[PDB]
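Written out below as structure tokens is the structure these notes cover.
In what follows, chains carry the letters A, B, and so on, assigned in the order in which the sequence lines appear, proteins first and then strands, with residues in each chain numbered from 1.
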2 protein chains.
Amino acid sequence: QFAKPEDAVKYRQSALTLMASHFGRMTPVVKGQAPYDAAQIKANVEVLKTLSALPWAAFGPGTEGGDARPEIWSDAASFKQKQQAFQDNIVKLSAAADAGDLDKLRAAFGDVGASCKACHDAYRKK
Amino acid sequence: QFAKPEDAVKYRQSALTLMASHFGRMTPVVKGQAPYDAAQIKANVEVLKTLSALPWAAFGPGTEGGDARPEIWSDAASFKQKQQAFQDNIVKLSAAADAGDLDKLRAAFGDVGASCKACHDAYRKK
Ligand code: HEC
Ligand code: HEC
């Protein structure tokens with residue numbers, strides 16, 4: 001859906017910005033600094049689930065640019081590992097949010113965050 | 001969820017970028033220049049439905065900035081008109097896509113696009 005590589009870059013940066021906001025806005029809740037409303041978090045994690053499937057299709061071959069490392073493309077199966085592990089941790093976060101279980105939520109949130117960091121460290125330019 | 005007004009600006013710009021890509025990527029399909037796969041479009045419109053609910057919460061009071069006109073805030077009921085009319089046209093687009101009806105899709109797509117343009121003309125800075 002992208003006329004030029006720059007359009008893919010702009011899309012994935014926006015998608016990642018929006019994932020990051022829907023993830024990070026739960027940090028006060030996980031920490032107990034903001035109240036836990038199970039319905040609120042269930043709805044937010046449903047939004048995060050949708051968003052977390054979006055960036056990856058905008059790293060199609062030849063879309064080097066932005067802060068993406070070239071190894072995303074040359075190591076395609078490994079980059080796919082990291083994205084798929086991140087989404088299966090999103091599945092676990094959805095299960096926790098759907099269950100309305102704050103302890104399960106905290107644990108799953110931490111797993112997701114670790115998976116963000118793992119891909120970051122390997123595939124985002126310094 | 002925004003520490004500073006700039007964060008709300010960045011969020012809504014990203015959300016609008018992503019809406020725009022999920023809307024605009026169907027233009028070749030509507031025009032018949034690309035094939036119509038009903039399941040493909042149903043799934044894409046489900047993504048667009050989620051995205052089209054997101055920008056509005058990031059124009060919270062005092063978030064003047066970006067290309068947003070101040071009248072968004074001073075005319076809150078009217079800006080809410082435009083966003084709500086845009087979403088009820090998204091509901092009609094979802095119905096068309098769920099029905100797998102290319103004629104219904106084309107008509108609903110045109111209605112959505114008109115609603116994008118209406119808010120643009122009133123509330124985006126030139
Ligand atoms: C690889 C499988 C990734 C996972 C999982 C996550 N991110 Fe990431 N992110 C990744 C790349 C390769 C890039 C660079 C994209 C580019 O072309 O520039 C990024 C970028 C971000 C950004 C900045 C986006 C921007 O506006 O430029 C943010 C804020 C970000 N990523 C956050 C983030 C979070 C919070 C994640 C888990 C919820 C996460 N990312 C996962 C690669 C990957
Ligand atoms: C008001 C109810 C709007 C509707 C409906 C749509 N858009 Fe819009 N859009 C609106 C504003 C006020 C702004 C400026 C936001 C800011 O603070 O800068 C925008 C911006 C865009 C952008 C640019 C985003 C960016 O990266 O800076 C695009 C590409 C865009 N809008 C497209 C668009 C489309 C395709 C719409 C219908 C599917 C649509 N917008 C609706 C206000 C409103």
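By the neighbour-count criterion of 12 heavy atoms within 6.0 Å, atom CZ of B:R106 is sparsely surrounded, having that number or fewer from other residues, nucleotides or ligands.
With sequence neighbours left out, the salt bridge (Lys or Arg N to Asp or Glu O under 4.0 Å) criterion links B:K104 to no other residue.
Residues A:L102 and A:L93 fall within the same hydrophobic cluster, defined by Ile, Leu, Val, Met, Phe, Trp and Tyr side chains chained together at heavy-atom separations under 4.5 Å. B:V9 and B:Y123 are not part of a single hydrophobic cluster, where members link through side-chain heavy atoms under 4.5 Å apart. Grouping the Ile, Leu, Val, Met, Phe, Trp and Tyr side chains by contacts below 4.5 angstrom, directly or via other members, places A:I90 with A:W56.
At a 4.5 Å heavy-atom cutoff, A:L16 makes no contact with chain B through either its backbone or its side chain.
In this structure, the side chains of A:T17 and B:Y11 stay at 4.5 Å or more apart for every pair of heavy atoms.
Taken to the nearest 0.5 Å, the CG atom of B:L18 stands 7.0 Å off from the CG atom of A:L54. Atom OG of residue A:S14 and atom CD of residue B:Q13 lie 8.5 Å apart, to the nearest 0.5 angstrom.
At a heavy-atom cut-off of under 4.5 Å, chain B is reached by A:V47, A:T50, A:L51 from residues 43-52 of chain A, listed in order of number.
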